[PDB]
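A single chain comes next, written as C-alpha cells; it is the form solved without the named molecule.
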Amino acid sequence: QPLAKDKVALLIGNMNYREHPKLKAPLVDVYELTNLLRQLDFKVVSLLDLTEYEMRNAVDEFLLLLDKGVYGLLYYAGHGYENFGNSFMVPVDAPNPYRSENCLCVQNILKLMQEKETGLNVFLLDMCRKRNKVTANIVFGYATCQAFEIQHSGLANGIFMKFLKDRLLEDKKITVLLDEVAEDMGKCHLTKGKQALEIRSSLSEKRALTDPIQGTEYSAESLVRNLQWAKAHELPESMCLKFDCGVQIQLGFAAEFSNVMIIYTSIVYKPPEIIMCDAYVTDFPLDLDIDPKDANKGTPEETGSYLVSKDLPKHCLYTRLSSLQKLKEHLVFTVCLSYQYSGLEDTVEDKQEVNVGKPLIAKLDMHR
C-alpha cells in the first residue's frame, strides 16, 4: 500500500483582471476543488485574484512544504500565456499586452518541483491560453479549454473541473484518472478532436490522491510552517460584544476562500430603555483596501458573496474581506453602535475595537 508522509495543496483562481477579460469559472472551480481535496485529507490553501508578488510568494510557501514523501497538489485557473516553448500564469495586475517578467514561468516551477523528494506532486493548470536521479513523482496536467456552463443557480462551472470532480475521489492511480478525464473531454462536444489536455508523468509507482497519511512526524524546521498551513482553514470564533448601555452585538464569520472572509453582525439584545439602535463595522487595516460603500450590507449578494449563502444567518449586516492575503498584522477593526434612550431625542455613539487575530491566509508567515 503506497503511503503519503503528509498531503498539502495550494489552489489559485484568477478572475478579476485589471487589463484583461474577466473569467467566471475559477470562482466555483477553486471552491469545489478545495472541498474535494479537504475530503481526501489535504491541508488546502485556496486563493482568489492574486497579483504577481502574491502569486510568487504563495507558490514559494507551498514549495517549502514539499519534504521527502509528502503529497503535494498545485492548481491554477486563470489566464495563461505561451512564449517560445514556455508557458506562463498571468496575475490579475498584469498589464496589457502580456510580458514574461510580469508572469510566473511554469517551466521554472516544474524545475523546482523536480529537486524535491515528494511521494507525489500533482501540478494542474486550467488556462485561458494566449500567444502573440531520485524521482519527484511529478504528474503535470495542462488544460487549455478555459468556455464554461451556467447552472440553475446562475453560477459558472468549468469544463476541465466538471470531468475532474467526477473522478478525483476514486481510489485509482492519478495518471489513470487523468487519462479518463482526457477521454471524457475528447468525447465532449466543446473539446472533441482538439488539443484540450496534455498530461506529463514521471510516476514510476501506483500512487493516488486517496493514499493514507504515513508516520507524519514533521521535523524541527518544518514544524511552524506546517502548523500555520494546517490552520489556514480555521475561522475566528463567533463573538458577543456587550456595550455599556446594555445592547449586545453578535459578530459571526464565514469563509469562501483562504483570502475571502465574510463578517456578519446583528443586535442580539436591546434593553427596554433603548428605543432604537444600529451597529456597523469600521476602521479595518489599511492593507485590506475595503471602502465603506461595500461594507455593512443587507444581504450577502450585495457584498459579492454567492458561495456560502446557505451557511450565512439571515437578518444581519454583511461585509466581504476579499484581500486577506495583504494582511501583515492582527485583524483589528471597530464595532460602532448608535443608540437612543426612550423619552430622549439625542443619538448616543459608542465603539469598541475587536481583535480576531490573523485569520485564514493571515496565519502564514509569508513575504507581503
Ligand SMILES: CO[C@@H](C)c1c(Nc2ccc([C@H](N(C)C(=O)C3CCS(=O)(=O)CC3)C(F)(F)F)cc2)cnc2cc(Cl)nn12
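Numbers follow the displayed sequence, beginning with 1. In this text, the rigid core denotes the largest set of C-alpha atoms whose superposition between the two forms falls within 1.5 Å.
One more form of this protein, solved in complex with the named molecule, exists but is not displayed; see below.
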Would you mind fitting the named molecule into the shown chain by superposing the local C-alphas on its pose in the deposited complex and telling me if the pocket reads open or blocked at 2.4 Å from backbone or C-beta atoms, 3 atoms or more being blocked? blocked
Can any non-hydrogen atom of residue 43 be found within 4.5 angstroms of the named molecule in the deposited complex? yes
Does any part of residue 307 reach within 4.5 Å of the named molecule in the deposited complex? Heavy atoms only, please. no
When the contact criterion is heavy atoms within 4.5 Å, does residue 338 count as touching the named molecule in the deposited complex? no
How about residue 32: is it within 4.5 Å of the named molecule in the deposited complex, going by heavy atoms? no
Students should find that, of 65, 317, 312, 36, the residue having a non-hydrogen atom no more than 4.5 angstroms from the named molecule in the deposited complex is 65
The named molecule isn't shown here, but in the deposited complex which of 229, 81, 264, 257 has a heavy atom within 4.5 Å of it? 229
Out of the stretches listed (221-229, 199-207, 89-97, 113-121), which one is close to the named molecule in the deposited complex, meaning heavy atoms within 4.5 Å? 221-229
I have 137, 172 and 178 flagged as a candidate spot, so tell me whether each of them has a non-hydrogen atom within 4.5 Å of the named molecule in the deposited complex. no
Using a 4.5 Å cut-off on any heavy atom, which residues of 44-64 would contact the named molecule in the deposited complex? 44, 45, 47, 50, 53, 54, 57, 58, 61, 62
Can you spot, among 213, 169, 190, 268, the one with a CA shift of 2 Å or more between this form and the one not shown after core superposition? 190
Residue 179 C-alpha moves between this form and the one not shown by 2 Å or more, core aligned: no
Using a rigid core alignment, state whether the CA of residue 222 is displaced by 2 Å or more between this form and the one not shown. yes
Residue 291: CA shift of at least 2 Å between this form and the one not shown after core fit? yes
Do the C-alpha atoms of residue 108 and residue 218 sit closer or farther apart in the deposited complex than they do here, given a shift of 3 Å or more? farther
Per the comparison in the deposited complex, the residue 153 and residue 25 C-alpha atoms (change 3 Å or more) are positioned closer
